[PDB]
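Inspection log for the structure reproduced underneath, given as structure tokens.
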């Protein structure tokens, strides 16, 4: 570490999570320390800022919000403070997915602040009309059979949409127990085995059947207006996505309130297994001259009294206790952006399912040291599998080739 200020009066924090403004103010009231919190951009926008500040050797914050998939990019280059010694016993505090996701090469480099265990959200009105019981979709085969019944409703009806999304693909291979990205040798060696990984191949085989039999909406782009439209008019009947989705449903698909339900993700063989999609953490920059004060802040937000405030504003929790809290587990409504409670899931205690989804997450999935690059070019190689007849496996092989070449150029010892 560099030299450390003795009398710390303020710290600098970069984060786009809007709820952190009030949590920071609460922290200032408690400790007398000023928190200069700036939203310098959302995810990759902020990461570009971090990259430049690291390049330039100045201007970096003391703390930064970083999504789990992007942490290795900074941890492996030594740009994040190793906080392992300050987190003894935290393994019992955090849910398995988030806790696994803040560790790189056996060391903790951030604290979880929100999570996104995957869940199966479905339009019960459409499923019932198709003759599908959404509470009995336990295996990927069940989902395939449901997909045929839903599409039987009409040529414009689809169990879900997928036009090619790197995060979705990665999350589904995670769920299948895939480990196509493995970093070894203290961060120097990277094995990319997308083509040979058994989990990856299992998802490819399953998703390829839906693609080949024309059972997926492959044209609607995620988060587009046609996407929310499809969800509200029934042509997109369900979503395989993270536990944070309910907040977006209530505000962006208000017409369908009461028609949807949530269930656990179907798994290849019905085994207990799940993945995460999205979610973020707070990390201390290795360059910080205020390391201890920076850690104290993220400890309050991620581990102390800031956690309850965060959950109460609508963040999906990353810790075990919040999942069982009586102000969380018994929810049957979601507050919209105006504060109005909406019964979006028809009375279901949706957080009980999402709590179980958290417990099921597998803990052996690893991210690349260059996920931002990898996910940005995913569409360059897999797009043809959605606009055309390219087998997913063929696109994934080309993707792997580009990632291995990029890895070598960055200094890693690549294995195939």
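In the authors' numbering, the protein residues as written are 32 to 447.
Note that the Cβ used here is the ideal one computed from N, Cα and C, for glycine as well.
How is residue 171 classed by DSSP in three states: helix, strand or coil? helix
For my contact list, residue 398 and residue 212 are in at a C-beta cut-off of 8 Å; report their separation, rounded to the angstrom. 6 Å
Inter-residue spacing [alpha-carbon to alpha-carbon] between residue 151 and residue 269: 7 Å
So, are the CB atoms of residue 141 and residue 81 less than 8 Å apart? no
Hey, could you find the ends of the beta strand (DSSP E) residue 446 is sitting in? 444-446
Give the list of continuous beta strand (DSSP E) stretches no shorter than 3 residues that lie fully inside the stretch 99-162. 142-145, 149-154
Taking a contact to mean a Cβ-Cβ separation below 8 Å, would you say residue 297 touches residue 108 in this structure? no
How far does the alpha helix (DSSP H) with residue 418 in it reach, from first residue to last? 415-418
Does the structure place the stretch 229-249 close enough to the stretch 321-330 that three or more beta carbon pairs sit under 8 Å? no
From the DSSP output, which residues share a beta bridge with residue 96? 313
Opening and closing residue of the alpha helix (DSSP H) in which residue 329 lies: 322-333
Going straight from the alpha carbon of residue 340 to that of residue 278, what length do you get? 17 Å
Just the C-alpha distance for residue 160 and residue 267, rounded to the nearest angstrom, thanks. 14 Å
Secondary structure at residue 189, three-state DSSP: helix, strand or coil? strand
8 Å contact criterion, which residue 55 and residue 39 should meet: CB distance rounded: Not a contact, Cβ separation roughly 15 Å.
From this set, 60, 69, 368, 209, which residue's C-alpha is nearest residue 305's C-alpha? 209
Cβ distance (whole Å) where residue 385 is taken to contact residue 405 below 8 Å: In fact, because the Cβ distance is near 28 Å, the residues do not count as touching under 8 Å.
Starting from residue 294, follow its DSSP beta bridges and name the residues at the other end. 151
Taking residue 118 as the reference, which of 134, 176, 106, 146 has the closest Cα? 134
Using only the alpha-carbon positions, how far apart do residue 360 and residue 41 sit? 36 Å
Do residue 97 and residue 318 have their C-beta atoms closer together than 8 Å? no
Determine whether the beta carbon atoms of residue 290 and residue 154 lie at a separation below 8 Å. yes
Compute the Euclidean distance between the alpha carbons of residue 365 and residue 348, then round it to the nearest angstrom. 15 Å
Where do the N-terminal and C-terminal ends of the alpha helix (DSSP H) with residue 340 fall, by residue? 337-343
Out of 362, 369, 368, 388, which has the shortest C-alpha to C-alpha gap to residue 378? 362
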